[PDB]
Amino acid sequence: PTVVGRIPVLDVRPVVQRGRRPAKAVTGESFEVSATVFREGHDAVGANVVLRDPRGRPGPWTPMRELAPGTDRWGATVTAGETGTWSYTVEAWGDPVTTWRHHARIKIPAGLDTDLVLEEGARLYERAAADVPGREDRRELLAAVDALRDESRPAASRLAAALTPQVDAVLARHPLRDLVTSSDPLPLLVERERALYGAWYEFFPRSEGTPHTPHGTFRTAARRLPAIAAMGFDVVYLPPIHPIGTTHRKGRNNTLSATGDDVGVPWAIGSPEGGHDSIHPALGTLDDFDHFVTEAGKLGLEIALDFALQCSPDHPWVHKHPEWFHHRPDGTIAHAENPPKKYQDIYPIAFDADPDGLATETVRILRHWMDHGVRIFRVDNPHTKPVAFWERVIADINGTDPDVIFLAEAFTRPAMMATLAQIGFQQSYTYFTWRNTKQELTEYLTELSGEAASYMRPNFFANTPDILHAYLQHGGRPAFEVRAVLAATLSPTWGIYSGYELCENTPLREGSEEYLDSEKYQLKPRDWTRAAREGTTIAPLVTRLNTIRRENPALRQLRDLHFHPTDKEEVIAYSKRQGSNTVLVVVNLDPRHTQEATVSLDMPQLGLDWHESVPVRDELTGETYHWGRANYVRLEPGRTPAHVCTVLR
């Protein structure tokens, strides 16, 4: 057996890990399958994609086209259906009819061998006719065969009868394919919509309490849910809900020693009261949690729980499984670190003495929470545990429960970030927060919407408890408005951490990305009512963004994205499409100064001619414009951060 087939079909993409891990999609998502296809000699080739579902059934006729002239790179768009493990193959073949046609068009006017040429075409068309199941379509091709062979008619007339639109239409649907050659199948893991698309809201239940009982419970924290669903979110991400240790507990503002009433950091998991399978007694009981989850569901909210594989010094594991920790020679366990950040309040796990015990327990924990309706886990700092540990765990859980979604909070280097997604994390946190210029934003989203989309699905949290960017610190409310538009229009999954709406932007100190008086170390009650009546919240903008996303398929996908040029460095423009839905966005990245610019649209990239002028609606205001090749915009910070326009049908 040779490595190349009769008709070379090489380097099929997408490919992950040389085919050892699957490429990714979700239900209804489209993406481009490509390959390098060519043949010996000078005759024409064709190619098509054969997409096979989990039961092995082939999809529709999906012909490919060469993507640029002389490159021999071919592509076609395919669309995932139901969830599960799919496969894709590229078939390449000689296209003798295209070849003949080319030669005929030249030879026949030139009077060169007209009878031999026309007979050769007749025999090609007959072979094509012998495969066509339709009787009418067969009749049509035999009628052309007859015409081609009618030696009483003029050459150019005979030929023209084989080149009619209705002959072309038959041949486009049922082409004569010589020497069909296939690649080896590549795998596609198709998952549920939410893996790609969803809006996320993070908050700490404990901060939503009362004057009598400041430490909120699941019963009191439930009252925040309706407001969260009303802002248009689909997922509520909770920090750790377990008991919190006392030894080395952190006080307010990341101070080393807690005082008597300090609540500590939820990520310092575990005490004599319980570990990762338990509920912090101040939040209530498992039954209260079930109530929280039921009420979330009725509002169309799924819960994502935080999963942090680490322990406070008081976690039961410390004495029950000492070999899950690395001990120094005096028996002590060094506290966890991410230099120059220190986590004095927790111990890191050691994985190499009892990897089987750790796997078994981890998945029991996850299954416990799964039995209570948590189908989405936000995994804390996954890059500080072994990659192969996550690979085995996710495989074990998705083996019985494929719907479960894991989000990797890996703010680390590219290689680890990529690899974590490739070994099975459905979603990933990203570098979004550190992309604020037009050049940074354009470069990064080109990367994320390109080849990386075959393995990574990004979750653009405009802020987190650990990340308050200088852009927001220095920008104020207009900056919060911009970042919200960007996140919500550039990724089909975005998120905010509670307080973002209120434009909280006081840092711990100059040049830090920590908040001052961070909610990680203290209860942080918020006057939601006042903010709403005094209009000091960007909650209405947030709500509108999620509505626009729910109303526009283009914003619920990642891969179709194009950046259109402008004459201003502060002003950025882009478009996204899904079927006939097209969304066009123009953002002023300057939060302090009004910017006026000219936006030059790539009209073909919108599916229009250059001279066309088509109507749009700015969905933020309801206002209408007529836009084309070049357009003046004027964006005043505070009044408008951006135009988020749909192209009107």
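Numbers for residues come from their place in the sequence shown, where the first is 1.
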Q: Can you let me know which of the two, 377 to 385 or 331 to 339, has the higher average C-alpha B-factor in the entry?
A: 331 to 339
Q.
Mean CA temperature factor from the deposited coordinates, higher in 133 to 141 or in 88 to 96?
A. 133 to 141
Q: Have a look at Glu66, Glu32, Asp590, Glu40 and flag the one whose Cα has the highest B-factor in the entry.
A: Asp590
Q) Say you rank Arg21, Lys24, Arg13, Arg634 by Cα B-factor from the PDB entry; which sits at the top? A) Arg634
Q: Would you mind checking where the Cα B-factor of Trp317 ranks among the modelled residues of its chain, as the lowest, middle or highest third?
A: middle
Q. Should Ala642 be placed in the lowest, middle or highest third of its chain by the C-alpha B factor in the entry?
A. highest
Q. Which third of the chain holds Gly28 when residues are ordered by C-alpha B factor: lowest, middle or highest?
A. middle
Q.
What third of the chain does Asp115 rank in for C-alpha temperature factor, lowest, middle or highest?
A. middle
Q. In terms of the CA temperature factor given in the entry, to which third of its chain does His212 belong: lowest, middle or highest?
A. highest
